[PDB]
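Next come the chains, spelled out residue by residue.
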Amino acid sequence: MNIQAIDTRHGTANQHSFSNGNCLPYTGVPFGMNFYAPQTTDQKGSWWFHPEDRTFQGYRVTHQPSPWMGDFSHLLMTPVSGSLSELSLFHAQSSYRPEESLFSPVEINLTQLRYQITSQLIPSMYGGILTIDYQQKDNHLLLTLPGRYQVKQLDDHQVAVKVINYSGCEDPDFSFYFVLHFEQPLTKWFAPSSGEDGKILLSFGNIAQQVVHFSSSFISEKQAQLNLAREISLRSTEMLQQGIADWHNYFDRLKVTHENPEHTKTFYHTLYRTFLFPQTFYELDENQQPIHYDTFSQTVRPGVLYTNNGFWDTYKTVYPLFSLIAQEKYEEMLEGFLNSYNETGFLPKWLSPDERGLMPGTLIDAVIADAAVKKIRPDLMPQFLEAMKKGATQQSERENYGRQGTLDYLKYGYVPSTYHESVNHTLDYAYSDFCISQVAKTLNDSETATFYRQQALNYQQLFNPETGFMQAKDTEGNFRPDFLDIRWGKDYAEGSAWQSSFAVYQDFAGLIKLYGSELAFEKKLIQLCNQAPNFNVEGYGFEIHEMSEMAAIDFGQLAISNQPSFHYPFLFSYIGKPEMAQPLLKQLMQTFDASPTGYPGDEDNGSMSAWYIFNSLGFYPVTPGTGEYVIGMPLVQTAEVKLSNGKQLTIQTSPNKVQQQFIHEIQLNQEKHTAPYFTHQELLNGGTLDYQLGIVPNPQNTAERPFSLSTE
Ligand SMILES: [Ca+2]
Ligand SMILES: [K+]
């Protein structure tokens with residue numbers, strides 16, 4: 001699909017109480033350092049855009065990855081004509097018509113009805129161009145500068161701004177520089193000033209059109225001017241063409257068709273949202289070398305850095321996808337993450353712009369392990385192993401970094417029930433341990449490998465044979481009494497025991513053994529899927545959106561609206577019965593579309609989009625760190641995959657209509673494939689993957705299973 005046909009309002013109809021993606025309409029280039037979105041309201045906190053709002057407050061320069069994290073280093077540009085009562089966003093707002101506007105990744109175009117202004121914003125990596133067509137005779141641009149700001153006029157065509165605003169940051173004076181060059185000169189000059197929450201009305205007189213070239217920096221005003229200088233001569237049309245070419249660079253790597261063109265539309269909307277995050281967080285100095293801002297020591301340093309990523313979300317799907325089709329990006333991102341470690345002492349958990357510390361676990365370990373076993377950045381692996389071992393053995397004194405309860409985990413073999421969400425912490429630590437072991441193995445560090453492989457079995461500590469669930473345990477080794485399977489919160493993050501008890505990616509065969517047999521585990525999975533989506537709120541004391549999103553649909557406890565349940569259909573592969581979940585997977589894929597309500601829950605920076613992409617192709621990374629993709633059920637009819645190693649995988653399916661709900665047979669390069677997973681190595685060979693599909697199952701009864709520690 002052409003990038004210009006993507007509508008960025010996809011996934012944008014949301015509120016605090018209910019998510020259909022919690023996406024913003026981000027205009028930007030792939031991994032752009034800034035994104036751009038219309039703001040429709042300032043009265044709803046982080047929910048500052050809604051596609052049904054008919055009010056326009058301004059173009060917002062944003063770094064907001066999610067409404068839960070908030071923004072950093074934002075400002076707004078609002079074209080205005082005539083004179084203003086006061087300069088607040090409310091006093092300057094205009095209505096506009098959503099249905100007459102353009103919202104695409106490479107272009108916003110809209111008319112402010114109050115002022116008779118049509119404007120067009122085209123992005124670039126570090127800046128963009130705003131063209132403003134005025135019908136009236138006294139024409140301006142209002143800059144809204146939240147937080148502490150400075151502004152000065154460099155000359156009659158140029159204004160430099162600095163703003164300090166964020167939701168959380170290690171640098172209390174975290175600065176963003178923004179420079180605007182105007183084709184038509186300012187007709188009122190101003191002196192340097194600074195303050196808080198600035199509103200600066202720039203005047204241009206009676207011109208018919210203004211063209212604003214803008215750029216930005218986290219380094220300095222001078223770096224912002226250098227960023228600008230490198231594109232100051234582009235016309236808007238040329239910048240648009242480059243932006244389209246930038247997106248096509250990624251889109252061309254996955255050319256797919258479907259029986260139903262609505263599915264193709266959905267695919268490409270999710271693909272747009274797969275190449276946004278993590279955002280570029282470095283610039284190119286005068287010698288074209290990477291530099292970035294280090295918020296921890298408050299200094300400019302050489303090297304790459306990336307931001308806006310919670311690994312708890314993104315390790316599941318985003319990086320494994322990059323491992324196939326965007327390895328050059330993966331390579332540079334890993335370098336950035338190592339720089340984060342060098343600068344702060346711990347591998348990052350949630351960058352926005354720096355360590356925010358949210359969510360259980362250190363799932364960056366899975367991003368690293370997956371890269372290691374796939375031979376991505378083998379040169380960095382010795383340093384990563386040291387960083388991971390530090391995270392597993394030292395308690396940070398700063399509460400946002402590393403594992404919480406590191407020492408208790410080592411003392412007891414689990415995080416005890418005195419900690420919040422101790423089940424998630426324990427299971428995440430045990431999986432991390434596995435990831436450390438894998439990195440060690442790739443480096444032939446046998447002693448490390450052995451120790452961490454053993455640690456990775458710590459999930460067994462929280463398994464209660466009485467209930468068949470993971471439960472929190474006190475320091476004397478007793479399970480909390482009064483357990484209820486559907487009770488959310490307290491011991492579990494954003495779920496009940498049903499959404500938390502299967503986070504054992506490293507060792508499903510071992511988890512199965514705790515239930516007693518494959519059959520006992522099968523019965524648990526059937527019960528998970530085939531019950532009503534009941535929930536109890538006692539761990540929170542009220543209903544949260546994740547509960548509502550599960551209860552909005554009839555898919556049992558399989559809460560596809562949130563990351564913990566993403567792998568659930570694949571659990572049937574671990575008992576050799578993937579045919580049981582093939583219809584399920586096709587059904588789950590129908591909960592996604594390209595509309596404002598198009599996702600089942602929070603999209604989370606590529607996380608849910610990449611779930612959709614993998615499942616569309618028919619395979620899924622259940623265990624980052626093994627180099628395997630467990631086979632599911634494809635939605636495409638054809639796909640050409642441009643792999644990073646220069647080869648091509650062609651996927652072809654027999655007719656793939658609504659009634660096709662099973663895999664009949666798979667041939668990889670003309671050889672019958674019966675294993676319930678592919679290896680990364682197999683797929684990287686390229687060639688042809690043919691799925692013959694069925695209207696009834698064709699059980700293979702394979703003795704093969706995807707990777708588990710206890711059977712390797
Ligand atoms: Ca989520
Ligand atoms: K939805």
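Residues numbered from 1 in each chain as written, not as in the entry; some residues may be left out. Chains lettered and ligands numbered in written order. Heavy atoms only, no water.

- Per the deposition metadata, X-ray crystallography was the technique used to determine this entry, at a resolution of 2.15 Å.

## What about the overall build of the protein chain?
Here comes step 1: Broken down by element type, the protein chain carries 18 helices and 34 strands.
Here comes step 2: Taking 27 Å as the expected radius of gyration for a compact globule of 712 residues, we find that the protein chain reaches 26 Å, a close match to that expectation.
Here comes step 3: When its C-alpha atoms are laid out on the principal axes, the protein chain stretches across 80 × 55 × 50 Å.
Here comes step 4: Nonlocal contacts in the protein chain, meaning residues at least 24 apart in sequence, comprise 69% of its contacts between residues at least 6 apart.
Here comes step 5: Across the protein chain, the centroid of the 48 positively charged side chains sits 1 Å from that of the 78 negatively charged ones. (Helix = DSSP H or I, 4+ residues; strand = E, 2+ residues; numbered from the N terminus. Rg over C-alpha atoms; globule rule 2.2 N^0.38 Å. Contact = heavy atoms within 4.5 Å. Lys, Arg positive; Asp, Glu negative; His and termini not counted. Charge placed at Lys NZ, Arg CZ, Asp CG, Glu CD.)

## Some remarks on the pattern of salt bridges
Here comes step 1: Applying the stated rule across the entire model yields 22 salt bridges.
Here comes step 2: The closest approach of N and O atoms between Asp370 and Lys374, which form a salt bridge, is 2.7 Å.
Here comes step 3: Relative accessible area serves as the criterion here: at 2%, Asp370 is assigned to the buried category.
Here comes step 4: A salt bridge links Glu397 to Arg398, with the shortest nitrogen-to-oxygen separation between them at 3.6 Å.
Here comes step 5: You can call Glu397 exposed: its relative accessible area is 69%. (Salt bridge = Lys/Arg side-chain N within 4 Å of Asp/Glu carboxyl O. Buried < 20%, exposed > 50% of the residue type's maximum accessible area, 1.4 Å probe, protein only.)

## What about the coordination of the calcium ion (ligand 1)?
Here comes step 1: Around the calcium ion (ligand 1), the protein contributes the donor atoms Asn562 (OD1), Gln563 (OE1) and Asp604 (OD), at 2.4 to 2.6 Å from the metal centre.
Here comes step 2: Written as a sequence motif, the donor arrangement for the calcium ion (ligand 1) is N-Q-x40-D. Highlighted residues: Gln563 in the loop between α15 (545-551) and α16 (582-589) and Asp604 in the loop between α16 and α17 (607-617), separated in sequence by 41 residues. Summarising the burial analysis for this pair, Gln563 and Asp604 share the class buried. (Donors = N, O, S within 2.8 Å, 3.2 Å for Na, K, Ca; no water.)

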